[PDB]
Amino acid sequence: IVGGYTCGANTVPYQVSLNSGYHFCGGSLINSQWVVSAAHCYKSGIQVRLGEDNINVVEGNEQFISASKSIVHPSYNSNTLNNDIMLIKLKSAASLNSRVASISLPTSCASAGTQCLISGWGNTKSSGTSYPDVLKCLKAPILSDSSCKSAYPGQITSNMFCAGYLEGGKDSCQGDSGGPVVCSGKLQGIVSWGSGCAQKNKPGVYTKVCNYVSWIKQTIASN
């Protein structure tokens, strides 16, 4: 997260870290057995880390649970990142508490101008590299589809939206992928892609979760 702030420990209790020997992506807990992330975060051997603040220190509220299965969206296109969403099932259910909590799925799509909370352990610099140990947060509005498509001609589908600031300085970044965009208490986005980080006229691009609720619910009910 570039241009954000330190969330505070466990203040984003649905935020998970995906670990394969190291943190490599975020995700969101949607019930005690299932996490939503980005398809471009797919790999085998994922351990889901819940209750994290400092990802380099055991602080006492963590749960580390291996994934038993991962399901990439059937229509995911790795060239274009269309349908950049996957589901991860936990081998054992998480123990839900104030610091390990699920986030609700949308009942409809959110409007442009709605303010959202984006979070992750990704790079905090727009030129160069610095990774935080603790979770970072950014408040950012959903941008109009026209400003999104103007920034990325030919690349935006109906399964994507932009959020952030056209003036630059505030954005998600490498290592935030797969993590949440929450608006009005609902998981509306997944950190997906962008051009650089926090650059002018290049807002972040997010998977549009409201298009996937039926797929999510049916997939988890059958797996």
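Start at 1 with the first residue shown and count on from there.
The stretch 143-151 shows the higher mean C-alpha B-factor when 143-151 is compared against 67-75 in the entry. As recorded in the PDB entry, 161-169 is the stretch of 161-169 and 26-34 with the greater mean C-alpha temperature factor. Of the candidates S92, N83, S119, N123, the deposited coordinates give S92 the top C-alpha B factor. The PDB entry assigns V205 a C-alpha temperature factor belonging to the lowest third of its chain's modelled residues. In the deposited entry, the Cα temperature factor of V16 sits in the bottom third of values across the chain's modelled residues. In the deposited entry, the Cα temperature factor of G178 sits in the bottom third of values across the chain's modelled residues. The deposited CA B-factor of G189 belongs to the lowest third of values across its chain. Compared with the other modelled residues of the chain, the Cα B-factor recorded for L96 ranks in the highest third.
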